[PDB]
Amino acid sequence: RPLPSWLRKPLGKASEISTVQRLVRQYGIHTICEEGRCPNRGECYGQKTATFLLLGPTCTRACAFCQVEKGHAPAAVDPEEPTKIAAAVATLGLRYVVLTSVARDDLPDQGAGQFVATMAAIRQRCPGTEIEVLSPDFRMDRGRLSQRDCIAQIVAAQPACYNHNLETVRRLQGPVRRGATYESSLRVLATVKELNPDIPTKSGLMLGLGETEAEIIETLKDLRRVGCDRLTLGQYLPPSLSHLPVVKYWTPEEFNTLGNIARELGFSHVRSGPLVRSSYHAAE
């Protein structure tokens, strides 16, 4: 499984990004871009986009693919996080913002209010900035606000796009994800369309975890059945030796081919390639 050529070059490239790095730390908030040293930073920062991580910076779930730092207990909730993010968005002059969060099984609203508050803070401070949500599944809802109502709170704030990743095919949901299921994640996407069919929905998979093309294609059809508009396909790269190994490096050609299959199946926006991530070119 050594690193293929098409990946060594872009994974070793560095760009001028220091102002952004400094501001994020200074304002006391966290981005996926920085928490994972994303190889797309030069391009995204250049396009005035970033992905902020709410309710962390650690997660307790420890999904075997995920780059978020593992935490011993739920991160204390910062009531000023929404305002601080909006201030960063303003000073960075971002045009397109993706909001995501860690899973918060411990909170009565599963953290859904934090999304709503952050969206409100950004709208009141930053004119023209669009906001995409990369949502948790909100599935652990016994005695909580229901999965449906968590989604509804966010849908009510009219994101530019509602993204919820399946991450992998049905067969691999067990080993790849913790606390998630295939049907629950598809239900997130369907629920958004029930609540407001005008909100674009998006999902994504990471390839290289042992899925086959046959299984990928079935998953694409499953996504179109719940009216998923947008798709990202990217290469799984283990964040550390403790994470799942890469089974396969999918070639640029294979990503192109699958990209085109997805377009034929009616996805209206598709990004497919080795360094593609959920937020990559999200602004379109």
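We number the residues from 1 along the sequence you see.
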| query | finding |
| --- | --- |
| Residue range whose averaged C-alpha B-factor is higher in the record, 273-281 or 1-9 | 1-9 |
| Segment of higher mean CA temperature factor, 255-263 or 52-60 | 255-263 |
| Residue selected from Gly113, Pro136, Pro79, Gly208 by maximal Cα B factor | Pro79 |
| Highest-ranked of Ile154, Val102, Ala75, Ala87 once sorted by CA temperature factor in the record | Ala75 |
| Relative C-alpha B-factor of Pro245, binned into the chain's lowest, middle or highest third | middle |
| Third of the chain's Cα B-factor distribution that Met140 belongs to, per the entry | highest |
| Where the record places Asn196 (Cα B-factor, split into thirds across the chain) | highest |
| Ranked C-alpha temperature factor of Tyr27 among modelled chain residues, by third | highest |
| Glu43 by Cα B-factor - lowest, middle or highest third of the modelled chain | middle |
